[PDB]
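Coordinates in review
Here's the letter readout for the chains.
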2 protein chains.
Amino acid sequence: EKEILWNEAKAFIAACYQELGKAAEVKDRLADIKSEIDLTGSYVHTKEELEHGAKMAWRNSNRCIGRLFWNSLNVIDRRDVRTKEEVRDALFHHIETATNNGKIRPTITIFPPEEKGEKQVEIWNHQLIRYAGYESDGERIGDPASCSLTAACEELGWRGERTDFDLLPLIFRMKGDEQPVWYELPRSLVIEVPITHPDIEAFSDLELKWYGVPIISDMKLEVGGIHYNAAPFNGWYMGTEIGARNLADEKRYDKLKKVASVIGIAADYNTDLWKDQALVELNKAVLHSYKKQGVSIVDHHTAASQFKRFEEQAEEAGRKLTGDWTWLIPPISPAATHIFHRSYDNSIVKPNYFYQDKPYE
Amino acid sequence: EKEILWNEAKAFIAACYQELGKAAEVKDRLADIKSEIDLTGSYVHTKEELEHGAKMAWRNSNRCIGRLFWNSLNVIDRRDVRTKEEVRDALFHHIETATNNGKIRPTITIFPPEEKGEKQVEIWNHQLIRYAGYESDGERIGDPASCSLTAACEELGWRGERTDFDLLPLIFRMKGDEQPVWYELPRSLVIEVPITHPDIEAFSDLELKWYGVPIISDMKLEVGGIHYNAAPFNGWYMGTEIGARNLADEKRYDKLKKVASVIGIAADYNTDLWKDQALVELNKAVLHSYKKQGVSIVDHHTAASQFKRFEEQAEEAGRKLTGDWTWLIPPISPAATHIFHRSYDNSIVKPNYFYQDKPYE
Ligand code: HEM
Ligand code: HEM
Ligand SMILES: CNCc1cccc(OCc2ccc3ccc(N)nc3c2)c1
Ligand SMILES: CNCc1cccc(OCc2ccc3ccc(N)nc3c2)c1
Ligand SMILES: C[C@H](O)[C@H](O)[C@H]1CNc2nc(N)[nH]c(=O)c2N1
Ligand SMILES: C[C@H](O)[C@H](O)[C@H]1CNc2nc(N)[nH]c(=O)c2N1
Ligand SMILES: [Cl-]
Ligand SMILES: [Cl-]
């Protein structure tokens, strides 16, 4: 266990300090760490290490098209929190600062890491801002992806209004508590964007909306053998995540048939490509709506052009590029991007963000 | 060498005869084959084996979405050919019978297999029907994918008219000849489809067309250790191959900017998703045009629904399914198909079709 930790620490510190121009400081820092492990079973990252590790982890995320901006990640160090009111307030603050009145700042808030594999803080939310979903007899309301978390919140005394867009409460558990606690999101903190279309007036009849900032809160950040299981982060949306998946997937909001109706085309024949046409108009609407409201968003073409620059930058820096082609291609017109036409090495490099088991389900 | 052949033969004959309900005939057939190899260095497939192997090979082609119809493949046995006039006439016949006045019959014509690794017939064409491509000083004409074969044909005394749609001649080489021969395609054999749009009259201004039948002629069919390096086959097109790739790719005909102009939208801003919209209209046009002319074609949604039935049929038959997710997803709206949302085992099972080195380049 100390072995695993010490090895990961050596590899991380060497790489981190080398990138920071601090290679001469490695030996002594490794000494102090070597001693810290032996005596304590673990080690504490300096603020520099933690900030740079979170950035490296984003840089190494094979499935992320948005990596060009890895080095400008805003890292908030909240390893000092000890109470659920502090965790709540840190989560609220992250929402406010990341949102930044619509000019989204990619941000991560880092909570105390696991100790003996024992979590200090365990966040139940998949994103800090997400819509509830309900499925009783016949009745399908809200986001189906949220059905199991929604049902767990309602087990704890929360009750949703059962609109298609109920905001789930924040829900997390403190070490030593048997049950999580939940806190309703202050609506003043949550920017939402009504979906309208630039040319088609009737599009507002769909009464679609989405929230401004995706803040993924259920992954584990690993840096130098330290497991930060609670470390929510956000970028800005790529439009297709909303228009081609959240609002379009049959198992999510399933809106293509309704889009086809409001844009005035038939939804009767596959050869009419009505789904494709509906997708393009819905995705135009999403980009238009976010831009009109002054909320950051990127389209999949601009995003892919940025990712090409990330590839070029990787090569120029002497770093291997890794990537997961199946996740990097956009779900709309993928062959119109350069990503589609090359292959990527899907190797896992640490620091990195990882999946971890849900505590509901 | 005999070892490799004999092993592949045992595996193929057992599987083939089992599927044909002829399991009791295996032992004796294996005996005759065992003897045939020892005495001759090779073995000759019965007509049943060859027909069933070509069908199995299609069934095992991981990258093919059209596999539902594997068992109805029309197999033409041309292992009897010895002269270049016979090969020419067999290739002409394949075009005529596969085209079938627009009601395309999936067909394969099988030529004599390699003997000592020595080819009896070597087809240079990538497809029997394809357009030439030219690239001299600044000037880009026709299909860039055809530039190297076009240049090789012109080395042999062929001359293209240098339209954007010159039909390449058939070109192949006989064992014992140093150079291939080439034969102009009779225009009466080649169905072409002018691309028009159902709603947008101006679309014909683009003067786009494509040929009716893709007849892939440069892959190797392997069956029971026998290498049929010359075995051209065809299905019908899936519309996206023409509309999303052949006519759309920057390195192919690169028509999206011109499509955007004729459909009356600006091609200035990525956030307008003009490429996506152009793709959808071009792909609607392709499907419409083939249907209007009575030439077989499938759209990517219908095709994916058929592939779902192929998956179900595989399971019901007790056969492992294999597939290459990266090639099975359509290049237009892939997340609208079930294919996108599952994974596939990309293992290689024989019989199968394989890439082989070009003899030009
Ligand atoms: C700056 C804006 C950003 C954009 C536009 C962007 C875009 C994307 C997209 C579209 C995906 C695919 C999501 C899916 O299909 O479910 C993704 C995956 C990912 N992104 Fe980014 N991203 C951004 C910033 C970030 C940041 C700041 C981090 C972390 C510090 C991050 C880490 C990841 C990770 C870990 C995944 C993979 C998640 C998984 O395996 O399920 N991204 N990104
Ligand atoms: C019946 C109509 C058929 C349709 C609609 C169809 C559809 C497709 C498509 C769209 C591809 C991908 C091509 C690309 O992206 O370049 C493909 C690949 C393939 N198909 Fe089919 N196909 C059909 C029939 C056949 C037949 C009859 C065979 C052989 C007997 C075949 C064997 C293959 C093979 C080997 C590939 C992979 C080629 C490679 O690796 O480059 N298909 N098919
Ligand atoms: C439950 N859906 C799968 C799943 C599980 C865990 C994390 C995750 O993250 C997707 C993800 C992660 C980071 C992102 C950053 C920016 C962005 N626009 N999308 C992003 C999307 C997705
Ligand atoms: C040169 N492009 C790559 C390359 C090399 C060799 C074969 C090949 O075949 C693609 C292919 C093969 C069979 C097909 C059958 C039907 C169809 N509609 N498309 C089909 C497309 C593609
Ligand atoms: C090598 C690279 O992944 C390449 O662009 C592949 C991707 N998927 C594909 N899928 C299909 N159907 N056809 C192709 O030509 C390709 N090209
Ligand atoms: C497992 C299966 O391949 C799955 O549908 C993947 C495919 N590629 C993807 N790509 C992105 N960007 N997001 C996803 O959720 C998925 N899902
Ligand atoms: Cl999302
Ligand atoms: Cl083609």
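About the cut-offs
- Residues numbered from 1 in each chain as written, not as in the entry; some residues may be left out.
- Chains lettered and ligands numbered in written order.
- Heavy atoms only, no water.
- Donors = N, O, S within 2.8 Å, 3.2 Å for Na, K, Ca; no water.
- Helix = DSSP H or I, 4+ residues; strand = E, 2+ residues; numbered from the N terminus.
- Expected span 1.5 Å × (residues − 1).
- Buried < 20%, exposed > 50% of the residue type's maximum accessible area, 1.4 Å probe, protein only.
- Pairing = 2+ DSSP bridges.
- Axes fitted to C-alpha atoms, helices over the stretch in contact; angles between N-to-C directions.
- Contact = heavy atoms within 4.5 Å.
- Least-squares fit on C-alpha atoms.

X-ray crystallography is the method the PDB entry states for this structure, with the resolution given as 1.911 Å.

A few words on the coordination of the iron atom of ligand 2. There is one protein donor for the iron atom of ligand 2, namely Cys-64 of chain B (SG), at 2.5 Å. Position of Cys-64 of chain B relative to the elements: it lies in the loop between α3 (47-59) and β1 (74-77).

Bringing α3 of chain B into the picture now. Residues and elements named next belong to chain B. Given a rise of 1.5 Å per residue, 13 residues ought to cover 18 Å, and the 18 Å separating the end C-alpha atoms of α3 matches this to within 8%. In terms of residue burial, α3 counts as a mostly covered element, since 10 of its 13 residues are buried. Burial in α3 covers these residues: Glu-49, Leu-50, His-52, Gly-53, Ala-54, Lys-55, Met-56, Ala-57, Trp-58 and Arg-59.

The next thing to look at is the sheet that holds strand β16 (residues 352-354) of chain A. All names here are of chain A. A sheet is described by the order of its strands in space; here 3 strands give the open sequence β12-β11-β16, paired in antiparallel fashion. Looking at which strands have only one partner, the edges of the open sheet turn out to be β12 (226-228) and β16. When strand polarity is set aside, the average angle formed by the axes of neighbouring strands in this sheet is 30 degrees. In this structure, strand β11 (residues 220-223) lies alongside β12, joined through 3 bridges in antiparallel fashion. What sits directly across from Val-223, in β12, is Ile-226. Packed onto the sheet, helix α3 (residues 47-59) meets β11, β12 and β16 and runs at close to 115 degrees relative to β11.

Attention shifts here to helix α8 (residues 274-293) of chain B. All names here are of chain B. With 20 residues, α8 should reach 28 Å at 1.5 Å per residue; the first-to-last C-alpha distance of 28 Å fits that figure. Taken across its 20 residues, α8 has 15 buried, putting it largely inside the fold. Note on α8: the residue one or two positions beyond its end, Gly-294, has a positive phi of about 70 degrees.

Residue and element names in this part refer to chain B. Within strand β6 (residues 170-174), 5 of the 5 residues are buried, which leaves the element mostly enclosed by the surrounding structure. Residues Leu-170, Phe-172 and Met-174 of β6 are buried on one face, and the alternating residues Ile-171 and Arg-173, pointing to the opposite face, are buried as well. Pairing analysis gives 3 bridges linking strand β3 (residues 121-123) to β6, with the strands arranged antiparallel. Following the sheet pairing, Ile-123 is matched in β6 by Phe-172. Relative to strand β7 (residues 181-183), β6 runs antiparallel, the two sharing 3 bridges. Paired with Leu-170 across the strands is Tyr-183, a residue of β7. The turn joining β6 and β7, which pair antiparallel and follow one another in sequence, is formed by 6 residues; a positive phi near 100 degrees is taken by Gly-176.

Right, let's get into unusual backbone geometry. All names here are of chain A. For the bond running from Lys-350 to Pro-351, omega is 0 degrees, close enough to zero to count as cis. Assignment of secondary structure puts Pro-351 in the loop between α10 (325-328) and β16. Phi at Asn-101 takes a positive value of approximately 55 degrees, unusual for a residue other than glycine. Among the secondary structure elements, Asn-101 is positioned in the loop between α4 (84-99) and β2 (107-110). Taking the relative accessible area as the measure of exposure, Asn-101 reaches 75% and is therefore exposed.

Mapping chain B onto chain A leaves a residual RMSD of 0.0 Å; the transformation is a rotation of 180 degrees accompanied by 0.0 Å of translation along its axis. One copy is carried onto the other by what is essentially a two-fold rotation axis. In this assembly the copies share their binding face: 100% of the residues contributing to the interface of chain B also contribute to that of chain A.

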